[PDB]
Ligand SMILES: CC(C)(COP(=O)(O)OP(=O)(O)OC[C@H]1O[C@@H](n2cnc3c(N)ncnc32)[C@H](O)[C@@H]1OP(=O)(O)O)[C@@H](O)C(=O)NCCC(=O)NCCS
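Take a look at this single chain, the form deposited without the named molecule, given in structure tokens.
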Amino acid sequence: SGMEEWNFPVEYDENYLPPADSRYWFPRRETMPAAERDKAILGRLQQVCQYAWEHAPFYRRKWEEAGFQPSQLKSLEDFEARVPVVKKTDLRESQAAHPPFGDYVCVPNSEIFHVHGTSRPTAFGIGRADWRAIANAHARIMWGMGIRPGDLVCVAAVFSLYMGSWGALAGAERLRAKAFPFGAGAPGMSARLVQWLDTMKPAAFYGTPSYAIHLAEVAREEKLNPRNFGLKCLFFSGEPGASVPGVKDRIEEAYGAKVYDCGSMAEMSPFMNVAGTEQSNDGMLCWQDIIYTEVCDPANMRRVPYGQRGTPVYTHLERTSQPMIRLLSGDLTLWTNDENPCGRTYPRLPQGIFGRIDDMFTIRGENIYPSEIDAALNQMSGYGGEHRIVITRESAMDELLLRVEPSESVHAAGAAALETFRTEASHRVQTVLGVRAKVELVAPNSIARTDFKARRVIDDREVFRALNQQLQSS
């Protein structure tokens, strides 16, 4: 194959740095013919499954139950059809019966390097070798975004249980960038951060797309201009936004920089296994030789053809601790296999990830993702930057209830101008989704902003009824 440092268990040269003129960290692995890579992926898949059968009674029990033995993995078609998907509920049960890390940990207790998790929570017990595998994978993909040694990288996501921040930091460290782990979560942090970004002038920023928006309002409230932060790029994970039309454009305009989309799941660190590149800057590429991504039909867990929508199912190819083999994301995406501007021979998620299938709600037989509402509103000049979707999953909904913020300039323009925006927001959303949308305007900057993931859906039956009844009276 000629694939750079292709071995299981993986063991990367910590001193390797690509030549300054190279677009790719690993030219072979990244640009080789896709059919050549798929051969080696299957080869690795066999190694991983044999490794899990040997060290994980979770996989040994699960596979035996579905009638699977690693010797039956003889093609990628055998993998999708014979190998049962892992659910997050299966991990929880394994952790409850085999505490703290479950019967899929594989490595001895003495190998565990870092303890992280979800916020029943699942604990991540990551071995020393996996932490190195994650740092190398992430430095590689960050290089793909045009981030370089010596660049100041601001990691502005909470450093706690959450894998996002640690993963971007490990990549920055391995990339030989100046890692700036400012973090997030504490009151007073954002006001101080904007001063640090104005002083330090970083080449790159990491966090959630929501935080980047909130930080520009803080920069402006703090009489600082966020275009003067010297940013060449901002790269995000954690939620949709970075591949959302009006959201991506708002962030790139506010900072005068490029926006990159990345991120699968925390269970799937190196989570940057799905990430956009400097040239293929829309959506994300599936870095197949790091983690094998399958976009599947949720009805049978088999790959959907390219150009079709489905759910990402992921498999670690370079992890010995808590390896995930065919973990069901529960997310919705579309994947294609056409030529990429960067020249990387990987499948792509051209519109990134739409959201979690469970987050979707139905109004008059029409399926709606919260990200579709966020996209339509952000493409409006009069929109204030925040909204809430008020629903009920207990009874059928005839209309969409929205609490939308107008801009301070729309507010300053008077009652008639506010009313003109409320009606135009309602119409736009109706034209986009094909559903009746009731809009209630709230005061500018009244809706809570976040430095983490935006939770815009209020699924309470009493809140829904109170709002509908109030909107019927007005």
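Counting begins at 1, following the sequence as shown.
Beyond the structure shown, there is the form solved in complex with the named molecule, which is absent from this document and is the topic of what follows.
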Query raised in the report: Say the named molecule is put on the shown chain the way it sits in the bound PDB entry, by superposing the C-alphas near its site; is the site then open or blocked (3+ ligand atoms within 2.4 Å of backbone or C-beta)?
Result: blocked
Query raised in the report: Among 162, 383, 131, 180, which has any heavy atom within 4.5 Å of the named molecule in the bound PDB entry?
Result: 162
**Report entry** Sole residue of 292, 101, 211, 335 within 4.5 Å of the named molecule in the bound PDB entry, by heavy atom
**Finding:** 211
Report task. Give a yes/no on whether residue 281 approaches the named molecule to within 4.5 Å in the bound PDB entry, heavy atoms considered. Result -> no
Query raised in the report: Using heavy atoms and a 4.5 Å limit, would one call residue 73 a contact residue for the named molecule in the bound PDB entry?
Result: no
Query raised in the report: Does any heavy atom of residue 216 come within 4.5 Å of a heavy atom of the named molecule in the bound PDB entry?
Result: no
Query raised in the report: Is the gap between residue 150 and the named molecule in the bound PDB entry 4.5 Å or less for some heavy atom pair?
Result: no
Query - Which of 183 to 191, 78 to 86, 251 to 259, 92 to 100 sits within 4.5 Å of the named molecule in the bound PDB entry, heavy atom basis - result: 183 to 191
Query raised in the report: Splitting the chain into two rigid parts between the shown form and the other one, is residue 405 with residue 326?
Result: no
Report summary line: Output row for the residue 304-residue 366 CA distance, |change| of 3 angstroms or more in the bound PDB entry, reads closer
**Report entry** Comparison of CA distance in the bound PDB entry with shown form for residue 408, residue 233, at least 3 Å
**Finding:** farther
